[PDB]
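Observations on the three-dimensional arrangement
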Amino acid sequence: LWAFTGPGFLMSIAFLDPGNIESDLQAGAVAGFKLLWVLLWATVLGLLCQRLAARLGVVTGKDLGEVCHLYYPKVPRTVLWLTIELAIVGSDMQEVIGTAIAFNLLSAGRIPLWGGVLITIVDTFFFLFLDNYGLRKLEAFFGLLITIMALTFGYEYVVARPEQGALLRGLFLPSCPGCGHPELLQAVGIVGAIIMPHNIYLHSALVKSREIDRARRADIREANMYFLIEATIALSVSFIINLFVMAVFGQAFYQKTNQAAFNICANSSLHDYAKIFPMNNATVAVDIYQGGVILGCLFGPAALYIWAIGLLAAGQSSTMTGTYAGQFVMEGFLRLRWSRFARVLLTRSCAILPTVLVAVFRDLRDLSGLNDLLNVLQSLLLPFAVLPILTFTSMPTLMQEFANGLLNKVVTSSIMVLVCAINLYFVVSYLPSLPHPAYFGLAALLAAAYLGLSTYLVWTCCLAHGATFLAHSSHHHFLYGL
Ligand SMILES: [Mn+2]
């Protein structure tokens, strides 16, 4: 019967991390049905990236990790693995921040911000205690949880009655009406959170698991096509869900004042989450807790709880996704297979200490600013995963027949230059807030190292495709290949 009735949705329900909810709600509060075009373009852009990743994993037979280990010296291998691990621990930081904010939400502030931290450590204990074939059952249960929250949440979206013309125009037309610095920050966070560096690696690794006959190129072609349909189904589902979430939050939060929210929640059933808001009539600083509060205010008392459990399930799925990706990237780059327990413990700890410090000495708004900064960090770390994949899918020696057509190379050059332009704009927008002489120091040195690794990657990819009539004799193994 249907050979696609079930496959495809699984990858999406793992593409929908809590970050695509938090950055979503920040963008929806900062602007209405405006940044949706950024969402659509990012979804298409990640569709292209996942197509490239599946291509590489299918035809080559290796993953990004194995090819990177094979085709790099020790220093760039190590620094690239460090950046990938930084991306994974940043995703885990976003997950723990979301879970902690949700847990602070549940008890009406009785549990402290590090109470959520302790429950995440309990979750890691649960993972290590299970570590069995029944883990897939728990993953299915949590996937059903996020699925049901998404379904009831789409019901709430259609209840919200979004103005059709406004969000249709915002989606199909890329205008930026009255945009400024915070909306720039939210757009960059969206483009860096909808798609993430470690998804490409993990997708390639999972693609490698599929056995390929290799006798004829036909089986490779059909496998690549089927995986492309899988990826496009997942991306379309993710984009639809994020469109629903962005539209509803922008409808409920665009030109919303503290007095307005207090007045609506004073008229509703809910009370403690009615009195949370202050009385200032100014613009509202918006985080996950207030988003859940207004959700429960408008769409019913159970909305708070369902949003909370959905966020928790998304965080758990993202945690499993991250530990899988981390195990694969270490096994590839550094050629060591650690148990899943080692990965989850390492990533969870390396995420938990900074979040513990910030939560214990700062407030909720600082947490939201911090995890927005993690989304932007994922944006800045995108190139370190988007150049190697193009380098290895355009390389004539691992794959001869299924190389890259000139249209694909030029559009990938466009992706790289565009992402570089957005990152450069963000850096020039954010750096001026360092008003101390000689303070540039370590941060500037790290930025210089970032640019040096970027230049190294640019040189490598230029060797991969071009280098004709202009190349250096040293490090000539790239063009010939191994
Ligand atoms: Mn995402």
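Residues numbered from 1 in each chain as written, not as in the entry; some residues may be left out. Heavy atoms only, no water.

Per the deposited record, determination of this structure is attributed to cryo-EM, with the resolution reported as 3.7 Å.

**Structural notes on the overall build of the protein**
Scanning the protein from terminus to terminus reveals 21 helices and zero strands. Relative to the compact-globule value of 23 Å for 482 residues, the protein shows a C-alpha radius of gyration of 23 Å, a close match. Based on the C-alpha atoms only, the size of the protein along its principal axes is roughly 70 × 65 × 45 Å. The 482 residues of the protein split such that 51% are buried. Of all intrachain contacts in the protein linking residues separated by at least 6 positions in sequence, the fraction that spans at least 24 positions is 84%. When the accessible area of the protein is evaluated, it comes to approximately 22,900 Å², of which 70% is carbon and sulfur surface. (Helix = DSSP H or I, 4+ residues; strand = E, 2+ residues; numbered from the N terminus. Rg over C-alpha atoms; globule rule 2.2 N^0.38 Å. Buried < 20%, exposed > 50% of the residue type's maximum accessible area, 1.4 Å probe, protein only. Contact = heavy atoms within 4.5 Å. Areas by Shrake-Rupley, 256 points an atom, 1.4 Å probe, with all protein chains shown as cover.)

**Observations regarding the pattern of salt bridges**
Within the structure shown, the criterion is met by five salt bridges. The residue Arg-348 makes a salt bridge to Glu-95 at a minimum N-O spacing of 2.8 Å. Of this pair, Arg-348 sits in helix α16 (residues 340-361) while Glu-95 is found in helix α5 (residues 74-106), placing the two residues 253 residues apart along the sequence. What makes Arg-348 buried here is its relative accessible area of 1%. In this structure, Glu-401 engages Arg-217 in a salt bridge whose closest nitrogen and oxygen atoms are separated by 2.4 Å. Taken together, the residues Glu-401 in the loop between α18 (383-393) and α19 (406-430) and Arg-217 in helix α11 (residues 217-253) connect sequence positions 184 residues apart. Among the residues examined, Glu-401 registers a relative accessible area of 45% and is labelled partly exposed. (Salt bridge = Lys/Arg side-chain N within 4 Å of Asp/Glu carboxyl O.)

**Side note on the coordination of the manganese ion**
Every protein donor of the manganese ion is listed here as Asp-17 (OD), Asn-20 (OD1), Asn-20 (ND2) and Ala-193 (O), and their distances to the metal cover 2.1 to 2.6 Å. In primary-sequence terms, the residues that donate to the manganese ion follow D-x2-N-x172-A. Here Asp-17 is found in the loop between α1 (9-15) and α2 (19-30), whereas its partner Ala-193 is found in helix α9 (residues 181-194), with 176 residues between them in sequence. One exposure class covers both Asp-17 and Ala-193, and it is buried. (Donors = N, O, S within 2.8 Å, 3.2 Å for Na, K, Ca; no water.)

**Side note on the packing of α2 against α9**
Following both chains from N to C, one finds α2 and α9 inclined at 155°, their axes separated by 9 Å at the closest point. Classified by the angle their axes make, α2 and α9 are roughly antiparallel. As α2 runs across α9, the sense of the crossing is left-handed. Contacts between α2 and α9 involve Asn-20, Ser-23, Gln-26, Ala-27 and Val-30 on the former and, on the latter, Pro-182, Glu-183, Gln-186, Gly-189, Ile-190, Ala-193 and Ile-194. Its residues assigned to classes, the contact of α2 with α9 comprises six nonpolar, five polar and one charged. (Axes fitted to C-alpha atoms, helices over the stretch in contact; angles between N-to-C directions. Parallel < 35°, antiparallel > 145°, perpendicular 65-115°, else oblique. Left-handed = near helix turned anticlockwise from the far one by under 90°. Nonpolar A, V, L, I, M, F, W, Y, C, P; charged D, E, K, R; others polar.)

**Details of α9**
An α-helical turn contains 3.6 residues, so any two residues separated by three or four positions project in the same direction. Across its 14 residues, α9 extends 20 Å between first and last C-alpha, which sits within 8% of the 20 Å expected from 1.5 Å per residue. Counting buried positions over the 14 residues of α9 gives 11, a clear majority of the element. Those residues of α9 not exposed but buried are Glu-183, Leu-184, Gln-186, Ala-187, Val-188, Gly-189, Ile-190, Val-191, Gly-192, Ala-193 and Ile-194. If you follow the buried residues of α9, they end up packed against α2, α3 (36-60), α11, α17 (364-381) and α19. (Expected span 1.5 Å × (residues − 1).)

**Description of a nonpolar patch on the surface**
Taken together, the side chains of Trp-114, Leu-118, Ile-119, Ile-121, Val-122, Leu-357, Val-360 and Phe-361 present a nonpolar region at the surface, about 770 Å² in accessible area. Mapped onto the secondary structure, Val-360 falls in helix α16. (Patch = residues over 30% accessible without salt bridge, like charges linked within 9 Å, V, L, I, M, F, W, Y side chains within 5 Å.)

**What about the state of the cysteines?**
Enumeration over the complete set of coordinates arrives at two disulfides. The disulfide partner of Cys-176 is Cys-179, and the S-S distance across this bridge is 2.0 Å. Linking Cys-176 and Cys-179, the disulfide has an S-S dihedral of approximately -100° and is accordingly described as left-handed. You can call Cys-179 partly exposed: its relative accessible area is 33%. (Disulfide = S-S within 2.5 Å.)

**Notes on the layout of surface pockets**
Approximately 1,500 Å³ is the volume attributed to the largest pocket. Every element with two or more residues in the lining of the largest pocket is listed here: α5, α17, α18, α19 and α20 (441-465). Counted by class, the lining of the largest pocket contains 36 nonpolar, four polar and no charged residues. Around the second largest pocket, the lining is made up of 36 residues, and of these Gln-26, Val-284, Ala-285, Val-286 and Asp-372 lie nearest the centre. Counting only elements with at least two residues in the lining of the second largest pocket, the list comes to α2, α9, α14 (288-299), α17 and α19. At seven residues, α17 tops the list of elements feeding residues into the lining of the second largest pocket. Grouping the constituent residues of the lining of the second largest pocket by class yields 20 nonpolar, 11 polar and five charged. (1 Å grid on protein atoms, 1.4 Å probe; cavity = no way out; pocket = protein on both sides within 12 Å on 5 of 7 lines; lining within 4 Å. Points joined across faces, edges and corners; volume = space filled by probe spheres on them.)

**Regarding the packing of aromatic side chains**
For the structure on display, the rule yields 11 aromatic pairs. Geometrically, the ring pair formed by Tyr-72 and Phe-392 is edge-to-face, given 6.0 Å between the ring centres and 85° between the ring planes. Note that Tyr-72 is positioned in the loop between α4 (64-70) and α5 and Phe-392 in helix α18, a separation of 320 residues in sequence. Owing to a relative accessible area of 8%, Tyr-72 belongs among the buried residues under this scheme. Ring centres of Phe-249 and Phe-253 lie 6.5 Å apart, and the angle between their planes is 50°; this geometry places the pair in the tilted category. One end of the pair, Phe-249, and the other, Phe-253, are both in helix α11, four residues apart, so they sit about a helical turn from each other. Across the pair, exposure class does not vary: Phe-249 and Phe-253 are buried alike. (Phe/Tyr/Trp six-rings, centres within 6.5 Å; stacked < 30°, edge-to-face > 60°.)

**Notes on α18**
Of all 11 residues in α18, 11 are buried, a share of seventy percent or more. Of all the positions in α18, only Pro-383, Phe-384, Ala-385, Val-386, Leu-387, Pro-388, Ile-389, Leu-390, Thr-391, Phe-392 and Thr-393 are classed as buried.

**What about the packing of α9 against α17?**
Across the interface, α9 lies against α17 with an axial gap of 7 Å and an inter-helix angle of 60°. When the axis of α9 is compared with that of α17, the two are oblique. Remark: the crossing between α9 and α17 carries left-handed chirality. On α17, the residues touching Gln-186, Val-188, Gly-189, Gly-192 and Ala-193 of α9 are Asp-372, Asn-375, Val-376, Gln-378 and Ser-379. In the contact of α9 with α17, the residues fall into three nonpolar, six polar and one charged.

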